Amino acid sequence: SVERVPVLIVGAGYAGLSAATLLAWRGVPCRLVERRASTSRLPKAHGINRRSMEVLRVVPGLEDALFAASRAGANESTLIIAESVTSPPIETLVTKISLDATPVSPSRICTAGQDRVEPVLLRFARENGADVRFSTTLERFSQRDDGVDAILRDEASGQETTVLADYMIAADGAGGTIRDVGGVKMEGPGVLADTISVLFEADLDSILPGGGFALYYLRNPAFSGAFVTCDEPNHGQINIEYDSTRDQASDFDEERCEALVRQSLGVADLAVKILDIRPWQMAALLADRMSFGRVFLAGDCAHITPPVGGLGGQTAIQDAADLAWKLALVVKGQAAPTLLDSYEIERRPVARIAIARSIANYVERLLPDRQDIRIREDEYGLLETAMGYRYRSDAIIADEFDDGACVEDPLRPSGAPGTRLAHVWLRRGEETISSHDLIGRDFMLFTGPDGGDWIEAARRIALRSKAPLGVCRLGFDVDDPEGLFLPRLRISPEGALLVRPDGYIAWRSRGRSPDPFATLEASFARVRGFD
Amino acid sequence: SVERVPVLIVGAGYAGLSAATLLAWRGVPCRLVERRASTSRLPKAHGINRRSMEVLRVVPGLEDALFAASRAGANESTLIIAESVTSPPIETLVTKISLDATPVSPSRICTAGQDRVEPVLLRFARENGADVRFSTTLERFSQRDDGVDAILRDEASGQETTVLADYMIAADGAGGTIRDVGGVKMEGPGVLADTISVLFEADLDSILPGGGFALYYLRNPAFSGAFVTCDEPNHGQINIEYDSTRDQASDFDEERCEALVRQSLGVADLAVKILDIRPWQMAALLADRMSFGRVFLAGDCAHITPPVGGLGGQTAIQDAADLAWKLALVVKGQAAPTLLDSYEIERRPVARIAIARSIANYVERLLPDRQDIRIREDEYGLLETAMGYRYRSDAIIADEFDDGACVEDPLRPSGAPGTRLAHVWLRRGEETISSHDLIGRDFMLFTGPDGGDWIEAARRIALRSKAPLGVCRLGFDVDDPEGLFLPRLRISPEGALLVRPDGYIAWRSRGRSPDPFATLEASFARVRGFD
Amino acid sequence: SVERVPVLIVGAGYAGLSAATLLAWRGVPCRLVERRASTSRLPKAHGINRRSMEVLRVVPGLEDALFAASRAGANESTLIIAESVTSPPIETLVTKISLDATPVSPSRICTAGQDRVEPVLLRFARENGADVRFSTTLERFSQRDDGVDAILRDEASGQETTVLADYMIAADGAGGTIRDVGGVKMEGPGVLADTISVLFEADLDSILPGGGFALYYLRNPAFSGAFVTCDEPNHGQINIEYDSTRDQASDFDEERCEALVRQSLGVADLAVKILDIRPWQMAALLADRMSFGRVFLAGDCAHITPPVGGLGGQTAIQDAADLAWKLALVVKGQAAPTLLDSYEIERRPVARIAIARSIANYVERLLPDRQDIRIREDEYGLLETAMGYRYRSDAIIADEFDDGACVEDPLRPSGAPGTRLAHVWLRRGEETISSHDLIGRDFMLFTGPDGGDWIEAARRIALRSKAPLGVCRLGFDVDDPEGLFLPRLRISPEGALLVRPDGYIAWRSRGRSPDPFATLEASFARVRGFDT
Ligand SMILES: Cc1cc2nc3c(=O)[nH]c(=O)nc-3n(C[C@H](O)[C@H](O)[C@H](O)COP(=O)(O)OP(=O)(O)OC[C@H]3O[C@@H](n4cnc5c(N)ncnc54)[C@H](O)[C@@H]3O)c2cc1C
Ligand SMILES: Cc1cc2nc3c(=O)[nH]c(=O)nc-3n(C[C@H](O)[C@H](O)[C@H](O)COP(=O)(O)OP(=O)(O)OC[C@H]3O[C@@H](n4cnc5c(N)ncnc54)[C@H](O)[C@@H]3O)c2cc1C
Ligand SMILES: Cc1cc2nc3c(=O)[nH]c(=O)nc-3n(C[C@H](O)[C@H](O)[C@H](O)COP(=O)(O)OP(=O)(O)OC[C@H]3O[C@@H](n4cnc5c(N)ncnc54)[C@H](O)[C@@H]3O)c2cc1C
Ligand SMILES: [Br-]
Ligand SMILES: [Br-]
Ligand SMILES: [Br-]
Ligand SMILES: [Br-]
Ligand SMILES: [Br-]
Ligand SMILES: [Br-]
Ligand SMILES: [Br-]
Ligand SMILES: [Br-]
Ligand SMILES: [Br-]
Ligand SMILES: [Br-]
Ligand SMILES: [Br-]
Ligand SMILES: [Br-]
Ligand SMILES: [Br-]
Ligand code: NA
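Quick look at the structure:
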């Protein structure tokens, strides 16, 4: 049996499920295959940061559903370093007060665990048309010049079928083997720590009186680890590091783990139900390339990060967001296949900074002595890393005076191409909407109120079906009373600003042009891979 | 037989009197000459911010005195934008509740005017041994090999005199011609507005509710300007911009200024007695050099900033305090004269951002239509600009992988070298002091409780070194009960932290060193100009 | 004794000042004479194209100075066809977006006009040792077997002077008479148009939007011409074609040119200050020969091109560069005089297509009505003409199966001997450089990573060959991560590539050689004019 599909996604985690929901929503028929039988697995990741939600909230209903699926609710997150969760805090890294005082995004922080997120993505992936098939395995594949030939295998029978796809998203995890087909090599420090993860049930309401969602980095003299509060109330997980020379994963039975749950919580005796025990590793590795022919590595198969910064799942989501909009343009013929060359160019350095940020969080919060393992070249600030990372590819018309910075303070936007369009409230009559509520579907061209020569130029381009472009004239379609949009992005009232479907600035004009149509038509062509 | 002096100061505004007050307190005999007969002139500036009060409070008694000389007192400051001082607010920028909600400093805001501040500074300069000669003018000068040959002149007789100085601080104001001797070119936007300042007396208690300090930025349809309250009660000041192509300075006689006072106040029946009228310019200019030879430019002669934000007089004070401690070391043989090369490389960027900040306050507050004059690359937060600027020079051992950040949030301190040592309520036994109460006089070495290797290295250093070095070990000399000092500065219990006499961090070690003496000795030598 | 100088250059335009700058930078003492008293003239040309900037950039500081002297800054060029400079464009041929999206060269487009470009060249010629004497004329000359003896004449006085010179670069412009001493015939269409050129001053700021360089081809119903922005702010220049039978050059007084400046600008009520009015012509003529004896014709004196392509000032520069590296070898005794026979062999066909390209642009852009003047036999693409021209001569060891093509697409390089070395971004350690940053001074030998046999041959050659030979290995000295250089030029890792001082490939071996010393020696010798 042989069927064809535009996009084939292998893997039903954060990367693959996001890729399918966004590719579905943007009108691209896809099929997702996943070896497991359901999303039902132990939670690993907790929380969706602001940028992850920005790329996901273009899908109607998705954001509220993610927040409804959470126990703690919006911005209700605390981060503490201590010797145990009942010990005096060594330091307090984040609170609801601190998240509320950083209005850098139309979205707040969502705290939901992976065990709650993956079903909601599956839900919206299917509602918008994705073909998600569980208990189905990519057995093997090869690439002809016009598509991928994939062999699929039913886990219940072993019966095989062939699917032909224009493109395939390898989303197959840290241990994923699709990349080996392409000879990609994971480079980096490698495995830095052996860990053992324990899921337990216990009276957590009393120990943690006023925290909705809590994460404690436990830095004590017996061991190092962390404790997280799960979405199921009175459920929690600890991830304790162990030395593979002094102990072994087999050595952690129910009796021993109940003591670890009590040591890490700072309680002498507490009734602890051990629900599951898992040995894991903490590694730092980056792929040398993130795509080969028509195969695209997304998520943990492209970049393994130390799970200390909580950046792994978010890079996976944003990886899958970058693929979704770009692939949706290529299969519709609104972009050249060359646009897909920009994927590892833009997304790989982002992964290099996450790995470095994550290593730095691990030293600073858990093992401050181990400064040798850090990559201080690539370290940047926490919000800059999650949210101010910059892109530089042929998918972007750089500013003439580009300083080459890897990040930009989201608090001090310059409006340079390659940066994430700033969040600013605007006015659409008596209602107020974020600038981000005006982007995310097609490209968008913002012009100042004197930007009518650009508007007409954009409307001649947007006449074409090949051309996915809309226009917004400031002071006509929406008003910026405070001057915090186009003035702060250094756009004069005769200027124009082009933003991608992922919300990143692609091109700007401080002011007027001798021929606005030719300027814009050439900008628009170039950034979609045409010449 | 010619009079000889270590430092000669020219001019007795904020810059010059600050320089003399601090130079004298630091044991340096100095002479300040000033053309005018006394301090008594009508005041332009109002207020001393928290950073300026921080460099001034190292002088015993000086901080209380300044607060005592003000009509309104600590944090009693209100900033409003409207169409007249009795029109409904258009915005509100600053309140006593806003400034009480920011415990960034050992000091609060002092609202005293120029006409109040300068006599107090004169008081303490002379008290600390400064030689302040009014009615005396620097007529001309020439730098020799071994000093500056100055020709002083008496305004009463025309009699002239020679003094030889090791160094000369040029504090001669926005128009000062000392800089023209050095080829100093002032660069920037230049004159931005023509203004007229009216000092008046009216029943201000009737139409102003609070009894504290009030500043109204005025956006009339007829004119833009500002109203301020003066320290003499029922005295106020309006600084109104005017178009030089439509009206000229001479056109503003008592009658017209009486009309302007009533317009800008909103009461068209109020009796107004015009005490002075003054034309003035609003300008933006920066010097290419802030030193040449043994001459140093401090205050308005080095940087003319628009007077919206009140940064011009605060920079002057802080220029002066930078000179006072570096000069004090160099004339004491305790630093190499190379240290003075750090004056303009540390101070000129601080003035660069203040010029950009004041332009931005001006546009945002008074002329939102003039977005084009802004210098947006150099604009930072209001509290970053006044207080979180950073210093990069050879007077500062920069921590490697420096990101080049021009400011740092005072609220989120990192302890990196070239930043202002954070304010933290420590405990000296039962006394509760500020971290700032332990700095200011000599170089200070803080260390963590396990940092005794540094301490003894420090003590052996100071035996030889010409410059003192104070030490203070945490948990011993002072106590940090809530880990908000050395921990938050990312200094381990075995680390150390070298703070300059101006309170800025010169060098840090996160932990131990294999030869702590050799690293401290090298550091301490390098941060005083030796190589 | 007589004043003796290695190369005498006559004329200080693009050709002559480029020859002087490059000769002096290559170590050749030379004398340039120019009849005029300073470089100060009216701006004619605008722009230095990418290829011209490659041959000029070898001289340290020169490229930065040319961009520094220009009002508009790199790639900030708009070409537009319209009825007036305020009419809606008929077609826009070029934008900065279009120019930035063509990474064919290390250099970008400099927009500086002739009045800016000529002082920069004179400055760099002199910094490098060139002897430039204004208010000096070549009065007459003759050739010997050992040089040209020249009579120089002072314009202030008419005092005359003899100088004997190994070689004489004839760079004396379209009107130049040096070629007539050689009996050089100019051949081709001849004069195609009479034109008048008006230099004016007007508030162009409040008319032109963008603040960069702009050239407008005017398809006005009343007339055909062109407006150009000048480097001096609020200065422009119009080149208006007039019918010599209906009007004559003397009929364009200040009142009429002010009218022209308003029509071709489209602004009815505009203040025009006429600064100069000049009648000119627009011709297409190619020289019989481009050298005779020790005299080499460089610049417009060897090829007059219609000024629509904008290739005449560019061909002059590249003429000069070709002569400069070749004379520099011959006068240093590092190359046989034979090498100079290749000058006109290689440069004349390049002028032939520049003329054909320029005629084709004048017709397409301004007068589409009469294609009868086109030389379609020699028309090629714009970038192919400017940049992808090919050299065939006894100075390039032609590979087997020569196609015969006059041009090659610079975007699809093949590595054939006789083509320009492709611009490839390479890595030297941490820094990223161009392949071109590695060429320009001496002959360069590129080998693959497994080409030590060539490098060893080359280092022993260089040890006693009169000319220097540099070597660079693609595994060691610089890195080519994306295999875009030697793989794409069809060179295996045991191959080598020989590149001339002008950057054109002279010889290639795709694999190993049975005697790598023998083949490299005979190749290095032949490409320098030595026989067998
Ligand atoms: C202890 C821990 C805590 C973490 N905490 C956080 C956190 O707080 N925040 C955060 O953002 N991130 C966190 N992370 C990281 C985050 O969980 C992962 O980065 C993220 O889930 C990776 O998603 P993915 O889609 O790349 O891969 P995966 O979740 O690995 O999914 C890949 C899927 O591929 C399937 N598959 C593989 N091969 C095939 C095949 N041939 N056919 C079919 N299916 C196949 C597998 O069955 C699997 O479901 C944490 C990680 C750990 C270990
Ligand atoms: C309307 C207005 C409002 C302002 N408001 C504020 C505010 O709220 N807050 C604030 O911080 N700043 C404010 N400023 C700015 C502030 O007043 C100045 O920046 C500050 O006074 C500069 O001090 P200075 O010592 O550099 O110079 P000046 O005050 O100009 O003093 C220099 C002195 O040098 C003397 N002098 C010059 N040449 C000689 C010579 N040859 N011999 C002897 N003496 C000489 C002069 O007589 C003069 O007194 C305001 C300015 C204006 C115009
Ligand atoms: C309207 C117009 C626009 C143009 N636009 C462009 C353009 O955009 N781009 C471009 O590349 N080209 C352009 N050109 C062409 C460009 O101007 C020429 O190709 C170039 O300037 C020729 O340089 P040259 O050195 O050959 O000659 P010339 O500029 O003619 O210099 C020759 C010199 O020789 C001197 N001379 C002559 N006889 C003697 C003697 N006996 N002794 C001493 N000195 C002597 C002359 O005084 C003269 O200065 C344009 C031309 C025109 C007319
Ligand atoms: Br975030
Ligand atoms: Br299913
Ligand atoms: Br709970
Ligand atoms: Br992670
Ligand atoms: Br706007
Ligand atoms: Br299109
Ligand atoms: Br002291
Ligand atoms: Br402050
Ligand atoms: Br003076
Ligand atoms: Br000020
Ligand atoms: Br401590
Ligand atoms: Br070109
Ligand atoms: Br031309
Ligand atoms: Na469209």
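Protein chains in written order, with the authors' numbering: chain B, 2 to 532; chain A, 2 to 532; chain C, 2 to 533. All C-beta atoms in this analysis are idealised placements derived from N, C-alpha and C, irrespective of residue type, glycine included.
Under the Cβ distance rule, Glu-84 (chain B) does not count among the residues neighbouring chain A, no pair being separated by less than 8 Å. In this structure, the alpha-carbon of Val-149 (chain A) lies about 11 Å from that of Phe-293 (chain A).
DSSP places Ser-198 (chain B) inside the beta strand (DSSP E), whose first and last residues are 187-202. The DSSP-derived three-state label of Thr-433 (chain B) is strand. Of the other Cβ atoms in all chains shown, fewer than 16 fall within 10 Å of the Cβ of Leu-464 (chain A); this residue is therefore exposed.
With three or more CB-CB distances shorter than 8 Å, the segment 18-38 of chain B counts as touching the segment 131-149 of chain B. Between the segment 510-524 of chain A and the segment 82-89 of chain C there are fewer than three inter-stretch CB-CB distances shorter than 8 Å, so the stretches are not counted as touching. Taking 8 Å as the upper bound for CB-CB distance, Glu-385 (chain A) and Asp-403 (chain A) are not in contact here, some 17 Å apart.
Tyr-168 (chain B) sits in a strand when the DSSP states are folded into three classes.
A distance of 8 Å or more separates the beta carbons of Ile-492 (chain B) and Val-472 (chain B).
Contact between the segment 213-231 of chain C and the segment 163-178 of chain C is not established, with fewer than three Cβ pairs separated by less than 8 Å. At a threshold of 7 Å, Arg-134 (chain B) counts as near ligand 5, since its beta carbon sits closer than that to one of the ligand's heavy atoms. A straight-line Cα-Cα distance of about 28 Å links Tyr-15 (chain B) and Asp-147 (chain B). Runs of the beta strand (DSSP E) lying entirely within the segment 17-94 of chain B and spanning at least 3 residues, in chain order: 31-34, 47-49 and 78-83. Ligand 12 has no heavy atom closer than 7 Å to the beta-carbon of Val-296 (chain A). Exposure of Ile-98 (chain A) is indicated by the presence of fewer than 16 other C-beta atoms within 10 angstroms of its C-beta. Residues of chain B whose Cβ lies closer than 8 Å to the Cβ of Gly-226 (chain C) do not exist, since the nearest Cβ in that chain is about 18 Å away.
DSSP places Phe-518 (chain B) inside the alpha helix (DSSP H), whose first and last residues are 517-528. Residues of chain A whose Cβ lies closer than 8 Å to the Cβ of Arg-491 (chain B) are, in chain order, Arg-377.
As a beta-bridge residue in DSSP terms, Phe-447 (chain B) pairs with B:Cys-473 and B:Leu-498. Your pair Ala-399 (chain A) and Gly-419 (chain A) checks out as a contact, with CB atoms roughly 6 Å apart and the cut at 8 Å. Here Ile-239 (chain B) really is in contact with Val-262 (chain B); their C-beta atoms are around 6 Å apart, less than 8 Å. Exclusion of the five residues before and after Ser-41 (chain C) leaves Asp-116 as the residues of its chain whose Cβ lies within less than 8 Å of its Cβ. Proximity of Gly-484 (chain B) to chain A, defined by a Cβ-Cβ separation below 8 Å, is satisfied.
In the DSSP assignment, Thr-163 (chain B) is bridged to B:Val-3 and B:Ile-152.
For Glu-457 (chain C), the enclosing alpha helix (DSSP H) starts and ends at 453-465. Residues are counted here when their Cβ sits less than 7 Å from a Cβ of chain B; for the segment 398-425 of chain A these are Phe-402, given in chain order. For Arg-353 (chain B), no beta strand (DSSP E) encloses it; the enclosing alpha helix (DSSP H) starts and ends at 343-366.
Against chain B, the beta carbon of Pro-89 (chain A) has no neighbour under 7 Å; the closest one sits roughly 17 Å away. Distances between the C-beta of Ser-198 (chain C) and the heavy atoms of ligand 3 include at least one below 7 Å. The DSSP-derived three-state label of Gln-335 (chain B) is coil.
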